[PDB]
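Structure below is target.csv: CSV, N, CA and C atoms and all ligand atoms.
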```csv
chain,number,residue,atom,x,y,z
I,1,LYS,N,0.8,-1.2,0.0
I,1,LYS,CA,0.0,0.0,0.0
I,1,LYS,C,0.9,1.2,0.0
I,2,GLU,N,0.4,2.2,-0.8
I,2,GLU,CA,1.2,3.5,-0.9
I,2,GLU,C,0.5,4.6,-0.1
I,3,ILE,N,1.1,4.9,1.1
I,3,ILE,CA,0.7,5.9,1.9
I,3,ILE,C,1.8,6.9,2.4
I,4,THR,N,1.4,7.9,3.1
I,4,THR,CA,2.3,8.8,3.7
I,4,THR,C,2.9,8.3,5.0
I,5,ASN,N,3.9,9.0,5.5
I,5,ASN,CA,4.5,8.7,6.8
I,5,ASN,C,4.6,9.9,7.7
I,6,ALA,N,3.5,10.6,7.7
I,6,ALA,CA,3.4,11.9,8.4
I,6,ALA,C,2.9,11.8,9.8
I,7,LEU,N,2.9,12.9,10.5
I,7,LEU,CA,2.4,13.0,11.9
I,7,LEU,C,1.1,13.7,12.0
I,8,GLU,N,0.1,12.9,12.4
I,8,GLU,CA,-1.2,13.4,12.7
I,8,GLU,C,-1.2,14.5,13.8
I,9,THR,N,-1.0,15.7,13.4
I,9,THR,CA,-0.8,16.8,14.4
I,9,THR,C,-2.1,17.5,14.7
I,10,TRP,N,-2.3,17.8,15.9
I,10,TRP,CA,-3.6,18.4,16.3
I,10,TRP,C,-3.4,19.7,17.2
I,11,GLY,N,-4.5,20.5,17.3
I,11,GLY,CA,-4.4,21.6,18.1
I,11,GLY,C,-5.8,22.0,18.5
I,12,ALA,N,-6.0,23.3,18.9
I,12,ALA,CA,-7.3,23.9,19.3
I,12,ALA,C,-7.2,25.4,19.2
I,13,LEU,N,-8.3,26.0,18.8
I,13,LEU,CA,-8.3,27.5,18.6
I,13,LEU,C,-7.9,28.2,19.8
I,14,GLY,N,-7.0,29.2,19.6
I,14,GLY,CA,-6.5,29.9,20.7
I,14,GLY,C,-5.4,29.2,21.5
I,15,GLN,N,-4.5,28.5,20.8
I,15,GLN,CA,-3.6,27.6,21.4
I,15,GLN,C,-2.2,27.8,20.9
I,16,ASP,N,-1.3,27.0,21.4
I,16,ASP,CA,0.1,27.0,20.9
I,16,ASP,C,0.6,25.6,20.8
I,17,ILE,N,1.1,25.3,19.6
I,17,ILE,CA,1.5,23.9,19.2
I,17,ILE,C,2.9,23.8,18.8
I,18,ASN,N,3.4,22.5,18.6
I,18,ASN,CA,4.8,22.3,18.3
I,18,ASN,C,4.8,21.3,17.1
I,19,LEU,N,6.1,21.0,16.7
I,19,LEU,CA,6.4,20.1,15.6
I,19,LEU,C,7.5,19.2,15.9
I,20,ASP,N,7.2,18.0,16.4
I,20,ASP,CA,8.2,17.1,17.0
I,20,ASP,C,8.6,16.1,15.9
I,21,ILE,N,9.8,16.3,15.4
I,21,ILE,CA,10.3,15.6,14.2
I,21,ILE,C,11.3,14.5,14.5
I,22,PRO,N,12.2,14.7,15.4
I,22,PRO,CA,13.4,13.8,15.7
I,22,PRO,C,13.1,12.3,16.0
I,23,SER,N,13.5,11.4,15.1
I,23,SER,CA,13.4,10.0,15.4
I,23,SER,C,14.8,9.5,15.9
I,24,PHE,N,15.6,10.4,16.3
I,24,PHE,CA,17.0,10.1,16.6
I,24,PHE,C,17.6,11.3,17.4
I,25,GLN,N,18.9,11.1,17.7
I,25,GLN,CA,19.7,12.2,18.4
I,25,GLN,C,21.1,12.3,17.8
I,26,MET,N,21.1,13.0,16.6
I,26,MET,CA,22.3,13.3,15.9
I,26,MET,C,22.9,14.5,16.6
I,27,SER,N,24.2,14.8,16.4
I,27,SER,CA,24.9,15.9,17.1
I,27,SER,C,26.2,16.3,16.5
I,28,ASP,N,27.1,15.2,16.4
I,28,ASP,CA,28.5,15.4,16.0
I,28,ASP,C,28.7,15.7,14.6
I,29,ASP,N,27.8,15.3,13.7
I,29,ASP,CA,28.0,15.4,12.2
I,29,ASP,C,27.0,16.2,11.5
I,30,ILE,N,26.0,16.8,12.2
I,30,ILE,CA,24.9,17.5,11.6
I,30,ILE,C,25.2,18.9,11.2
I,31,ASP,N,24.5,19.5,10.3
I,31,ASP,CA,24.7,20.9,9.9
I,31,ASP,C,23.4,21.7,9.8
I,32,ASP,N,22.5,21.3,8.9
I,32,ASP,CA,21.3,22.1,8.6
I,32,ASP,C,20.1,21.5,9.1
I,33,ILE,N,19.2,22.4,9.6
I,33,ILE,CA,17.8,22.1,10.0
I,33,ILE,C,16.8,22.9,9.3
I,34,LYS,N,15.8,22.3,8.6
I,34,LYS,CA,14.9,23.1,7.8
I,34,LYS,C,13.5,22.7,8.1
I,35,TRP,N,12.6,23.7,8.0
I,35,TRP,CA,11.1,23.5,8.1
I,35,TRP,C,10.4,24.5,7.1
I,36,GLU,N,9.6,23.9,6.3
I,36,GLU,CA,8.9,24.6,5.2
I,36,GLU,C,7.4,24.6,5.5
I,37,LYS,N,6.7,25.5,4.9
I,37,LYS,CA,5.2,25.5,5.0
I,37,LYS,C,4.6,24.8,3.8
I,38,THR,N,4.4,23.5,3.9
I,38,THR,CA,4.1,22.7,2.7
I,38,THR,C,3.0,23.3,1.9
I,39,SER,N,2.0,24.0,2.5
I,39,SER,CA,0.8,24.5,1.8
I,39,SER,C,1.2,25.2,0.6
I,40,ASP,N,2.1,26.2,0.7
I,40,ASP,CA,2.6,26.9,-0.5
I,40,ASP,C,4.1,27.0,-0.5
I,41,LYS,N,4.8,26.0,0.0
I,41,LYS,CA,6.3,25.9,-0.1
I,41,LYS,C,6.9,27.2,0.4
I,42,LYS,N,6.5,27.6,1.6
I,42,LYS,CA,6.9,28.9,2.1
I,42,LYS,C,7.8,28.8,3.4
I,43,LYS,N,9.1,29.1,3.2
I,43,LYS,CA,10.0,29.0,4.3
I,43,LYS,C,9.5,29.6,5.6
I,44,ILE,N,9.7,28.9,6.7
I,44,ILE,CA,9.3,29.3,8.0
I,44,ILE,C,10.4,29.4,9.0
I,45,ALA,N,11.3,28.4,8.8
I,45,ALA,CA,12.5,28.3,9.7
I,45,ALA,C,13.6,27.6,9.0
I,46,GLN,N,14.9,27.9,9.4
I,46,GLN,CA,16.0,27.2,8.9
I,46,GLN,C,17.3,27.4,9.7
I,47,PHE,N,18.2,26.4,9.5
I,47,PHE,CA,19.5,26.5,10.1
I,47,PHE,C,20.6,26.1,9.0
I,48,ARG,N,21.6,26.9,8.8
I,48,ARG,CA,22.6,26.6,7.9
I,48,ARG,C,24.0,26.9,8.4
I,49,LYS,N,24.3,26.3,9.6
I,49,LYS,CA,25.6,26.6,10.3
I,49,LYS,C,25.4,28.0,10.9
I,50,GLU,N,26.5,28.4,11.7
I,50,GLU,CA,26.5,29.7,12.4
I,50,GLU,C,26.9,30.9,11.5
I,51,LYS,N,26.5,30.9,10.2
I,51,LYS,CA,26.7,32.0,9.3
I,51,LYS,C,25.5,32.6,8.7
I,52,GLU,N,24.4,31.9,8.9
I,52,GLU,CA,23.1,32.2,8.4
I,52,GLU,C,22.0,31.2,8.8
I,53,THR,N,21.4,31.5,10.0
I,53,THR,CA,20.3,30.8,10.5
I,53,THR,C,19.2,31.7,10.9
I,54,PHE,N,17.9,31.4,10.8
I,54,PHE,CA,16.9,32.4,11.0
I,54,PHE,C,15.5,31.8,11.5
I,55,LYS,N,14.8,32.7,12.1
I,55,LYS,CA,13.4,32.5,12.5
I,55,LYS,C,12.7,33.8,12.8
I,56,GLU,N,11.8,34.2,11.8
I,56,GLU,CA,11.2,35.5,11.9
I,56,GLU,C,10.6,35.9,13.2
I,57,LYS,N,9.9,34.9,13.8
I,57,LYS,CA,9.1,35.2,15.0
I,57,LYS,C,9.0,34.0,15.9
I,58,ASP,N,8.4,34.1,17.0
I,58,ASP,CA,8.0,33.0,17.9
I,58,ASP,C,7.0,32.1,17.2
I,59,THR,N,6.1,32.7,16.4
I,59,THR,CA,5.1,32.0,15.7
I,59,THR,C,5.6,30.8,14.9
I,60,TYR,N,6.9,30.8,14.7
I,60,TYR,CA,7.6,29.6,14.1
I,60,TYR,C,9.0,29.5,14.6
I,61,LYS,N,9.3,28.7,15.6
I,61,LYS,CA,10.6,28.5,16.2
I,61,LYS,C,11.3,27.3,15.7
I,62,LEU,N,12.6,27.4,15.7
I,62,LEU,CA,13.5,26.3,15.4
I,62,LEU,C,14.3,25.9,16.6
I,63,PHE,N,14.3,24.7,17.1
I,63,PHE,CA,14.9,24.4,18.4
I,63,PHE,C,16.1,23.5,18.2
I,64,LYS,N,16.8,23.2,19.3
I,64,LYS,CA,18.0,22.5,19.4
I,64,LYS,C,17.8,21.0,19.1
I,65,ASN,N,16.9,20.4,19.8
I,65,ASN,CA,16.5,19.0,19.5
I,65,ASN,C,15.9,18.9,18.1
I,66,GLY,N,15.6,20.0,17.4
I,66,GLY,CA,15.2,20.0,16.0
I,66,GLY,C,13.7,20.1,15.9
I,67,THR,N,13.0,20.4,17.0
I,67,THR,CA,11.5,20.6,16.9
I,67,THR,C,11.2,22.0,16.4
I,68,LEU,N,10.0,22.1,15.8
I,68,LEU,CA,9.5,23.4,15.3
I,68,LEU,C,8.2,23.8,16.1
I,69,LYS,N,8.3,24.9,16.8
I,69,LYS,CA,7.2,25.4,17.6
I,69,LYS,C,6.3,26.3,16.8
I,70,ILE,N,5.1,26.5,17.2
I,70,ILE,CA,4.2,27.5,16.6
I,70,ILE,C,3.3,28.1,17.7
I,71,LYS,N,3.3,29.4,17.8
I,71,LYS,CA,2.5,30.1,18.8
I,71,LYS,C,1.2,30.6,18.1
I,72,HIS,N,0.1,30.6,18.9
I,72,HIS,CA,-1.2,31.0,18.4
I,72,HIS,C,-1.7,30.1,17.3
I,73,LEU,N,-2.7,29.3,17.6
I,73,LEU,CA,-3.2,28.2,16.8
I,73,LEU,C,-4.7,28.2,16.6
I,74,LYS,N,-5.2,29.1,15.9
I,74,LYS,CA,-6.6,29.1,15.5
I,74,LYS,C,-6.7,28.5,14.1
I,75,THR,N,-7.9,28.6,13.5
I,75,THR,CA,-8.2,28.1,12.2
I,75,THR,C,-7.2,28.6,11.2
I,76,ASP,N,-6.7,29.8,11.5
I,76,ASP,CA,-5.8,30.5,10.6
I,76,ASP,C,-4.4,29.9,10.7
I,77,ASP,N,-4.0,29.6,11.9
I,77,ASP,CA,-2.6,29.1,12.2
I,77,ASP,C,-2.5,27.6,12.0
I,78,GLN,N,-3.6,27.0,11.5
I,78,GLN,CA,-3.5,25.5,11.2
I,78,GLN,C,-3.1,25.3,9.7
I,79,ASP,N,-2.0,24.7,9.5
I,79,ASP,CA,-1.5,24.5,8.2
I,79,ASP,C,-0.8,23.2,8.0
I,80,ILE,N,-0.2,23.0,6.9
I,80,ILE,CA,0.7,21.8,6.6
I,80,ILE,C,2.1,22.2,6.6
I,81,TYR,N,3.0,21.3,7.1
I,81,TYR,CA,4.4,21.6,7.3
I,81,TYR,C,5.2,20.4,6.9
I,82,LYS,N,6.5,20.6,6.8
I,82,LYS,CA,7.4,19.5,6.6
I,82,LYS,C,8.8,19.8,7.1
I,83,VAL,N,9.6,18.8,7.5
I,83,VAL,CA,10.9,19.0,8.0
I,83,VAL,C,11.9,18.3,7.3
I,84,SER,N,13.0,19.0,6.9
I,84,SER,CA,14.2,18.3,6.2
I,84,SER,C,15.4,18.8,6.9
I,85,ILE,N,16.0,17.9,7.7
I,85,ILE,CA,17.1,18.3,8.6
I,85,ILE,C,18.4,17.5,8.1
I,86,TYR,N,19.3,18.2,7.5
I,86,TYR,CA,20.5,17.6,6.8
I,86,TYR,C,21.7,17.7,7.7
I,87,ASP,N,22.6,16.8,7.3
I,87,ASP,CA,24.0,16.8,7.9
I,87,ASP,C,24.9,17.7,7.2
I,88,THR,N,26.2,17.5,7.5
I,88,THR,CA,27.2,18.4,6.9
I,88,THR,C,27.5,18.1,5.4
I,89,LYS,N,27.3,16.8,5.1
I,89,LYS,CA,27.4,16.4,3.7
I,89,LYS,C,26.4,17.0,2.8
I,90,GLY,N,25.4,17.6,3.3
I,90,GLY,CA,24.3,18.2,2.5
I,90,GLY,C,23.3,17.1,2.1
I,91,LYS,N,23.3,16.0,2.7
I,91,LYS,CA,22.3,15.0,2.5
I,91,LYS,C,21.1,15.2,3.4
I,92,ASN,N,19.9,14.7,2.9
I,92,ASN,CA,18.7,14.7,3.7
I,92,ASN,C,18.7,13.5,4.7
I,93,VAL,N,19.5,13.6,5.7
I,93,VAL,CA,19.7,12.5,6.6
I,93,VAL,C,18.4,12.0,7.3
I,94,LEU,N,17.4,12.9,7.2
I,94,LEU,CA,16.1,12.5,7.7
I,94,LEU,C,15.1,13.5,7.2
I,95,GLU,N,13.9,13.0,6.8
I,95,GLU,CA,12.9,13.8,6.2
I,95,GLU,C,11.5,13.3,6.6
I,96,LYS,N,10.6,14.3,6.7
I,96,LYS,CA,9.2,13.9,7.2
I,96,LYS,C,8.2,15.0,6.9
I,97,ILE,N,7.0,14.6,6.8
I,97,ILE,CA,5.9,15.5,6.4
I,97,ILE,C,4.9,15.6,7.6
I,98,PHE,N,4.4,16.8,7.8
I,98,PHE,CA,3.6,17.1,9.0
I,98,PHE,C,2.3,17.8,8.6
I,99,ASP,N,1.3,17.9,9.5
I,99,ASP,CA,0.0,18.5,9.1
I,99,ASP,C,-0.7,18.9,10.4
I,100,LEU,N,-0.7,20.2,10.6
I,100,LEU,CA,-1.4,20.8,11.8
I,100,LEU,C,-2.9,20.8,11.5
I,101,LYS,N,-3.6,20.4,12.6
I,101,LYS,CA,-5.1,20.4,12.5
I,101,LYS,C,-5.7,21.1,13.6
I,102,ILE,N,-7.0,21.3,13.5
I,102,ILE,CA,-7.8,21.9,14.6
I,102,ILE,C,-8.9,21.0,15.0
I,103,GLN,N,-9.2,20.9,16.3
I,103,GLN,CA,-10.1,19.9,16.8
I,103,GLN,C,-11.3,20.6,17.4
I,104,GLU,N,-12.3,19.8,17.8
I,104,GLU,CA,-13.6,20.3,18.3
I,104,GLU,C,-14.2,19.4,19.3
I,105,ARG,N,-13.6,19.5,20.5
I,105,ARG,CA,-14.0,18.7,21.7
I,105,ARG,C,-14.8,19.5,22.7
I,201,LIG,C1,12.6,20.3,22.2
I,201,LIG,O1,12.9,21.4,23.1
I,201,LIG,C2,11.7,22.2,23.5
I,201,LIG,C3,12.3,23.4,24.3
I,201,LIG,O2,13.7,23.5,24.1
I,201,LIG,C4,10.7,21.3,24.2
I,201,LIG,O3,9.5,22.1,24.6
I,201,LIG,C5,9.5,22.5,26.0
I,201,LIG,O4,8.9,21.4,26.8
I,201,LIG,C6,8.8,21.6,28.2
I,201,LIG,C7,8.2,20.3,28.8
I,201,LIG,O5,8.8,19.2,28.2
I,201,LIG,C8,8.0,22.9,28.6
I,201,LIG,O6,8.1,23.2,30.0
I,201,LIG,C9,6.8,23.2,30.8
I,201,LIG,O7,6.7,24.5,31.4
I,201,LIG,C10,5.6,24.7,32.3
I,201,LIG,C11,5.6,26.1,32.8
I,201,LIG,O8,6.0,27.1,31.8
I,201,LIG,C12,5.9,28.5,32.1
I,201,LIG,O9,7.1,28.9,32.9
I,201,LIG,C13,8.4,28.8,32.2
I,201,LIG,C14,9.5,29.2,33.3
I,201,LIG,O10,9.4,30.6,33.6
I,201,LIG,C15,10.6,31.3,33.3
I,201,LIG,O11,10.3,32.7,33.2
I,201,LIG,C16,9.8,33.4,34.4
I,201,LIG,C17,9.5,34.9,34.0
I,201,LIG,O12,8.3,35.3,34.6
I,201,LIG,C18,10.9,33.3,35.6
I,201,LIG,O13,10.3,33.8,36.8
I,201,LIG,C19,11.2,31.8,35.8
I,201,LIG,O14,12.3,31.7,36.7
I,201,LIG,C20,11.7,31.1,34.4
I,201,LIG,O15,13.0,31.6,34.0
I,201,LIG,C21,13.8,30.7,33.3
I,201,LIG,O16,13.7,30.8,31.8
I,201,LIG,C22,14.1,32.0,31.2
I,201,LIG,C23,13.8,31.9,29.7
I,201,LIG,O17,12.5,32.3,29.4
I,201,LIG,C24,15.6,32.3,31.5
I,201,LIG,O18,16.0,33.6,31.1
I,201,LIG,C25,15.9,32.2,33.1
I,201,LIG,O19,17.2,32.4,33.3
I,201,LIG,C26,15.3,30.9,33.7
I,201,LIG,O20,16.1,29.8,33.3
I,201,LIG,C27,8.4,29.7,31.0
I,201,LIG,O21,9.6,29.6,30.2
I,201,LIG,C28,7.2,29.3,30.0
I,201,LIG,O22,7.1,30.2,28.9
I,201,LIG,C29,7.0,29.7,27.6
I,201,LIG,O23,5.6,29.1,27.4
I,201,LIG,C30,4.5,30.0,27.4
I,201,LIG,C31,3.2,29.2,27.2
I,201,LIG,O24,2.9,28.5,28.4
I,201,LIG,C32,4.7,31.1,26.3
I,201,LIG,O25,3.7,32.1,26.3
I,201,LIG,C33,6.1,31.8,26.4
I,201,LIG,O26,6.4,32.6,25.3
I,201,LIG,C34,7.3,30.7,26.5
I,201,LIG,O27,7.5,30.0,25.3
I,201,LIG,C35,5.8,29.3,30.8
I,201,LIG,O28,5.4,30.7,31.2
I,201,LIG,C36,5.5,23.6,33.4
I,201,LIG,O29,4.3,23.7,34.1
I,201,LIG,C37,5.6,22.2,32.8
I,201,LIG,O30,5.7,21.2,33.9
I,201,LIG,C38,5.1,19.9,33.7
I,201,LIG,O31,6.1,19.0,33.0
I,201,LIG,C39,7.3,18.7,33.7
I,201,LIG,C40,8.2,17.8,32.8
I,201,LIG,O32,7.5,16.6,32.4
I,201,LIG,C41,7.0,18.0,35.1
I,201,LIG,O33,8.1,17.8,35.9
I,201,LIG,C42,5.9,18.9,35.9
I,201,LIG,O34,5.5,18.2,37.0
I,201,LIG,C43,4.7,19.3,35.0
I,201,LIG,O35,3.9,18.1,34.7
I,201,LIG,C44,2.4,18.2,34.8
I,201,LIG,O36,1.9,18.4,33.4
I,201,LIG,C45,2.0,17.2,32.5
I,201,LIG,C46,1.4,17.6,31.2
I,201,LIG,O37,2.4,18.1,30.3
I,201,LIG,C47,1.4,15.9,33.2
I,201,LIG,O38,1.6,14.8,32.4
I,201,LIG,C48,1.9,15.7,34.6
I,201,LIG,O39,1.2,14.7,35.2
I,201,LIG,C49,1.8,17.0,35.5
I,201,LIG,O40,0.5,17.3,35.8
I,201,LIG,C50,6.9,22.1,31.9
I,201,LIG,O41,8.1,22.2,32.6
I,201,LIG,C51,8.5,24.1,27.8
I,201,LIG,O42,7.6,25.2,27.9
I,201,LIG,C52,8.6,23.8,26.2
I,201,LIG,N1,9.3,25.0,25.5
I,201,LIG,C53,10.5,25.5,25.9
I,201,LIG,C54,10.9,26.7,25.1
I,201,LIG,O43,11.2,25.0,26.8
I,201,LIG,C55,10.3,20.1,23.3
I,201,LIG,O44,9.5,19.2,24.0
I,201,LIG,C56,11.6,19.3,22.8
I,201,LIG,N2,11.1,18.3,21.9
I,201,LIG,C57,11.4,17.0,22.1
I,201,LIG,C58,10.8,16.0,21.0
I,201,LIG,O45,12.0,16.5,23.0
```

The structure in this file should be written as structure tokens.
Ligand SMILES: *[C@@H]1O[C@H](CO)[C@@H](O[C@@H]2O[C@H](CO)[C@@H](O[C@@H]3O[C@H](CO[C@H]4O[C@H](CO[C@H]5O[C@H](CO)[C@@H](O)[C@H](O)[C@@H]5O[C@H]5O[C@H](CO)[C@@H](O)[C@H](O)[C@@H]5O)[C@@H](O)[C@H](O[C@H]5O[C@H](CO)[C@@H](O)[C@H](O)[C@@H]5O)[C@@H]4O)[C@@H](O)[C@H](O[C@H]4O[C@H](CO)[C@@H](O)[C@H](O)[C@@H]4O[C@H]4O[C@H](CO)[C@@H](O)[C@H](O)[C@@H]4O)[C@@H]3O)[C@H](O)[C@H]2NC(C)=O)[C@H](O)[C@H]1NC(C)=O
Amino acid sequence: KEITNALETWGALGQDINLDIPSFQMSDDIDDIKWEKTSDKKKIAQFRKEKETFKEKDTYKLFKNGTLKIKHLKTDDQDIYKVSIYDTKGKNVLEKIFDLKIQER
């Protein structure tokens, strides 16, 4: 069967949610950490060594363990995401697809 391997991500309106990617604990050989806005392929966060790494606001954070945070999570802040976190060789040492949702409990 051909399916995805994404993370069923959930939230609630007026909330703050995260993006837990790491299936591992790399450290010694890693370089780049990336997160995109899959909906329209729109850069939200990135790491490219200590010469150029960025995160516009808290609304989208890039962390050490490699998680991506997001503050304020209403219907508007619910989107689709993906993480590509590469090593020094420039390989995609791990890749994954995510999807923020909103719930009604
Ligand atoms: C990857 O990394 C991520 C982070 O690096 C990580 O996410 C983090 O996860 C942890 C938990 O795993 C989260 O921590 C929780 O925090 C709750 C309280 O939070 C509020 O207070 C914090 C501390 O306050 C600072 O600021 C005050 C200023 O007024 C000072 O007075 C304080 O002294 C203190 O200062 C310190 O920090 C400063 C930096 O800000 C620093 O300068 C200073 O020197 C000093 O060190 C605030 O930081 C925090 O603010 C954040 O969050 C709010 C939203 O709430 C935002 O608005 C802010 O903008 C900001 O982002 C808050 O105000 C705790 O209650 C909670 O405790 C529970 O969990 C622990 C651990 O398991 C238990 O021991 C404990 O008993 C509690 O358990 C209870 O609940 C659970 C349910 O969860 C339940 O099961 C259990 O039975 C029990 O009932 C916890 O500690 C942290 O917030 C996350 N983010 C960050 C940035 O750390 C992520 O998980 C990682 N990913 C992976 C995959 O591993």

With only C-alpha atoms as the atoms that count, which of I:70, I:80, I:85, I:26 lies nearest to residue 101 in chain I?
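Of all the options, I:80 lies closest to residue 101 in chain I.
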
Which of range 5-89 of chain I end up as strand (DSSP E) when DSSP is run on this backbone - answer as a PyMOL selection string?
chain I and resi 7-9+32-37+42-48+61-62+68-69+80-84

Residues near range 36-42 of chain I, anyone? I mean within 7 Å using all atoms listed in the file, not counting same-chain ones fewer than 6 positions away, as number ranges by chain.
I: 79-84

So, counting only C-alpha atoms and all ligand atoms, which residue among I:49, I:12, I:4, I:58 is closest to ligand LIG 201 (chain I)?
I:58

For ligand LIG 201 (chain I), return the neighbouring residues as a list in words (distance at most 6.5 Å; all atoms listed in the file).
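Counting all atoms listed in the file, the residues within 6.5 Å of ligand LIG 201 (chain I) come out as residues 20, 21, 22, 63, 64, 65, 66 and 67 of chain I.
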
Pick the closest to residue 62 in chain I from I:91, I:96, I:1, I:34: which is it, counting only C-alpha atoms?
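Residue with the minimum atom-to-atom distance to residue 62 in chain I: I:34.
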
As an exercise, work out the distance from CA of residue 99 in chain I to atom C of residue 31 in chain I in Å and give it to one decimal place.
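Separating CA of residue 99 in chain I from atom C of residue 31 in chain I is a distance of 23.6 Å.
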
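Pairwise distance (CA of residue 47 in chain I, CA of residue 90 in chain I) equals 12.2 Å.
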
Among the residues I:16, I:88, I:75, I:2, the one that comes closest to residue 33 in chain I [using only C-alpha atoms]
I:88

Identify which of the residues I:23, I:61, I:11, I:97 lies closest to residue 78 in chain I, counting all atoms listed in the file when measuring atom-to-atom distances.
I:11

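For the atom pair formed by atom N of residue 59 in chain I and CA of residue 32 in chain I, the distance is 20.1 Å, given to one decimal.
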
Using only C-alpha atoms: which of I:102, I:30, I:19, I:6 has the shortest distance to residue 74 in chain I
I:102

Export range 85-104 of chain I from the structure block above, keeping N, CA and C atoms, as a PDB file, in the first residue's frame.
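Result file is result-v4.pdb:
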```pdb
ATOM      1  N   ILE I  85      16.018  17.893   7.699  1.00  0.00           N
ATOM      2  CA  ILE I  85      17.140  18.265   8.564  1.00  0.00           C
ATOM      3  C   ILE I  85      18.388  17.519   8.145  1.00  0.00           C
ATOM      4  N   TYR I  86      19.311  18.224   7.521  1.00  0.00           N
ATOM      5  CA  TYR I  86      20.454  17.643   6.822  1.00  0.00           C
ATOM      6  C   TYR I  86      21.715  17.665   7.652  1.00  0.00           C
ATOM      7  N   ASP I  87      22.648  16.795   7.297  1.00  0.00           N
ATOM      8  CA  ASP I  87      23.972  16.764   7.911  1.00  0.00           C
ATOM      9  C   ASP I  87      24.920  17.695   7.193  1.00  0.00           C
ATOM     10  N   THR I  88      26.204  17.523   7.453  1.00  0.00           N
ATOM     11  CA  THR I  88      27.241  18.378   6.885  1.00  0.00           C
ATOM     12  C   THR I  88      27.457  18.071   5.423  1.00  0.00           C
ATOM     13  N   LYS I  89      27.279  16.815   5.053  1.00  0.00           N
ATOM     14  CA  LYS I  89      27.434  16.393   3.662  1.00  0.00           C
ATOM     15  C   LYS I  89      26.394  17.020   2.760  1.00  0.00           C
ATOM     16  N   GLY I  90      25.370  17.650   3.302  1.00  0.00           N
ATOM     17  CA  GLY I  90      24.279  18.195   2.492  1.00  0.00           C
ATOM     18  C   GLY I  90      23.278  17.139   2.093  1.00  0.00           C
ATOM     19  N   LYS I  91      23.304  15.979   2.721  1.00  0.00           N
ATOM     20  CA  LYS I  91      22.289  14.950   2.494  1.00  0.00           C
ATOM     21  C   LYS I  91      21.069  15.178   3.353  1.00  0.00           C
ATOM     22  N   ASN I  92      19.938  14.662   2.910  1.00  0.00           N
ATOM     23  CA  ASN I  92      18.722  14.664   3.720  1.00  0.00           C
ATOM     24  C   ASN I  92      18.717  13.484   4.664  1.00  0.00           C
ATOM     25  N   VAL I  93      19.497  13.584   5.723  1.00  0.00           N
ATOM     26  CA  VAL I  93      19.701  12.457   6.638  1.00  0.00           C
ATOM     27  C   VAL I  93      18.408  11.988   7.270  1.00  0.00           C
ATOM     28  N   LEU I  94      17.411  12.852   7.245  1.00  0.00           N
ATOM     29  CA  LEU I  94      16.063  12.498   7.676  1.00  0.00           C
ATOM     30  C   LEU I  94      15.059  13.515   7.181  1.00  0.00           C
ATOM     31  N   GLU I  95      13.904  13.014   6.782  1.00  0.00           N
ATOM     32  CA  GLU I  95      12.866  13.826   6.153  1.00  0.00           C
ATOM     33  C   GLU I  95      11.495  13.343   6.563  1.00  0.00           C
ATOM     34  N   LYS I  96      10.552  14.255   6.701  1.00  0.00           N
ATOM     35  CA  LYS I  96       9.224  13.910   7.203  1.00  0.00           C
ATOM     36  C   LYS I  96       8.215  14.982   6.863  1.00  0.00           C
ATOM     37  N   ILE I  97       6.956  14.586   6.812  1.00  0.00           N
ATOM     38  CA  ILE I  97       5.863  15.481   6.442  1.00  0.00           C
ATOM     39  C   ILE I  97       4.866  15.601   7.570  1.00  0.00           C
ATOM     40  N   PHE I  98       4.429  16.818   7.831  1.00  0.00           N
ATOM     41  CA  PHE I  98       3.566  17.099   8.976  1.00  0.00           C
ATOM     42  C   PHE I  98       2.312  17.825   8.553  1.00  0.00           C
ATOM     43  N   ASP I  99       1.347  17.895   9.451  1.00  0.00           N
ATOM     44  CA  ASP I  99       0.041  18.472   9.144  1.00  0.00           C
ATOM     45  C   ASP I  99      -0.663  18.909  10.409  1.00  0.00           C
ATOM     46  N   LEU I 100      -0.655  20.207  10.649  1.00  0.00           N
ATOM     47  CA  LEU I 100      -1.373  20.784  11.780  1.00  0.00           C
ATOM     48  C   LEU I 100      -2.865  20.786  11.538  1.00  0.00           C
ATOM     49  N   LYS I 101      -3.610  20.397  12.558  1.00  0.00           N
ATOM     50  CA  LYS I 101      -5.067  20.353  12.484  1.00  0.00           C
ATOM     51  C   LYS I 101      -5.701  21.130  13.615  1.00  0.00           C
ATOM     52  N   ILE I 102      -7.001  21.336  13.508  1.00  0.00           N
ATOM     53  CA  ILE I 102      -7.792  21.909  14.593  1.00  0.00           C
ATOM     54  C   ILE I 102      -8.916  20.970  14.971  1.00  0.00           C
ATOM     55  N   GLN I 103      -9.213  20.926  16.256  1.00  0.00           N
ATOM     56  CA  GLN I 103     -10.145  19.950  16.812  1.00  0.00           C
ATOM     57  C   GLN I 103     -11.345  20.615  17.447  1.00  0.00           C
ATOM     58  N   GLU I 104     -12.334  19.800  17.774  1.00  0.00           N
ATOM     59  CA  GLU I 104     -13.616  20.282  18.277  1.00  0.00           C
ATOM     60  C   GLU I 104     -14.152  19.352  19.346  1.00  0.00           C
TER      61      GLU I 104
END
```
